[PDB]
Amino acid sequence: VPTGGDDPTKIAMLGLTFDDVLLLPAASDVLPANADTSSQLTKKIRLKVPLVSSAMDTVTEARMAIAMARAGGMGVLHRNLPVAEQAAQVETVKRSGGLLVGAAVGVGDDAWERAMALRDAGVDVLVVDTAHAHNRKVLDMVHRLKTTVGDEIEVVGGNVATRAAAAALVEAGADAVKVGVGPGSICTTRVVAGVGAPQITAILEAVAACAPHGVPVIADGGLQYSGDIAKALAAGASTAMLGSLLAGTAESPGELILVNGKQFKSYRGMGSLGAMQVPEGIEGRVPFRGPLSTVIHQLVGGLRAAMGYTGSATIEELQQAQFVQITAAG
């Protein structure tokens, strides 16, 4: 083995991130304005815009969830708050019209109670929301939810970063699989634990397990630009979950912060010290970006441009697009 030792499997793959690839233009009769951006969030739920906001306390509460649903996407309400409060946020969203909404639950002692209260509040999607979904407790929770409330609620499981982990969630009954271990802008898992998987490779691997079973993949973490959304979908994901890109919007929780004449909002990992109240997230800030509606327009605009360049009339067509790998110089 050229990189050391005698075991070719020790270094199992070469992991590519978003910056490692570009989409190749292809024959097209699709104008960006005419592309259909709709896509499956879960087996049953199709969104007008293939974007969902992160279940983070500096990204998604009721205001964000309402704005995301109105924009054609969806919000996933964070779970760093009492069960009654999270449930009350679900009701607030549902009372602003027939709007889709999701909510995160963990696998701890109060997770089941949380899930049932969210169910009672009329949640559409439950997201089993963990740092490591390749584990029996997480798989059991997904399965139990699907068997209990699965007729009326779609159940997402995550996060994973390998084909095997995605396959396990599929077998457990997941209605979507969320991919991302290590890539988040505020994530320090890579440096604290030394663990992660570059996101393009993670998506390609998860999709290899999920697409044959008709289970959509949600690409979660590491998306810095609108072009990354196109790359994630072309790699085979069906939707993208955004934290950093939405944390600077008016609708996110938290106050405006003025530093050196410029406007920012705080954005922090759910595994940061402040969120926990061994951290694997940081507490930072992102530029203030104005209203969500405007940010979503720019993000969807970039996606539409990519669909035009690749001749992709639909997201399902975009999932078949090809990449060129680039070097450091590029």
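Don't overthink the numbering: it's just position in the shown sequence, from 1.
> Comparing 246 to 254 with 207 to 215, which has the greater mean CA B-factor as deposited?
If you average the C-alpha B-factors of 246 to 254 and of 207 to 215, the larger mean comes out for 246 to 254.
> Could you check the entry and say whether 289 to 297 or 40 to 48 has the higher mean CA B-factor?
For C-alpha atoms only, the mean B-factor is higher in 289 to 297.
> Go through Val21, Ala321, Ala306, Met13 one by one and give the residue whose Cα B-factor in the PDB entry is largest.
The listed residue with the largest C-alpha B-factor is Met13.
> If you check the C-alpha B-factor for each of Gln199, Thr162, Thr92, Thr189 in the entry, which is highest?
The listed residue with the largest C-alpha B-factor is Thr92.
> Tell me, lowest, middle or highest third: where does the Cα B factor of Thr327 rank within its chain?
Ranked within chain, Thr327 CA B lands in the highest tercile.
> Taking the chain's C-alpha temperature factors as the reference, tell me which third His134 falls into: lowest, middle or highest.
Middle third by C-alpha B-factor.
> Taking the values exactly as deposited, rank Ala234 by C-alpha B-factor within its chain and report the matching third: lowest, middle or highest.
Tercile = lowest for this residue's CA B-factor.
> Among the chain's modelled residues, which third holds the C-alpha B-factor of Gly122?
For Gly122, the deposited C-alpha B-factor lands in the highest third.
> With respect to C-alpha B-factor, does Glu154 fall in the lowest, middle or highest third of the chain as deposited?
Middle third, going by the recorded CA B-factors of the chain.
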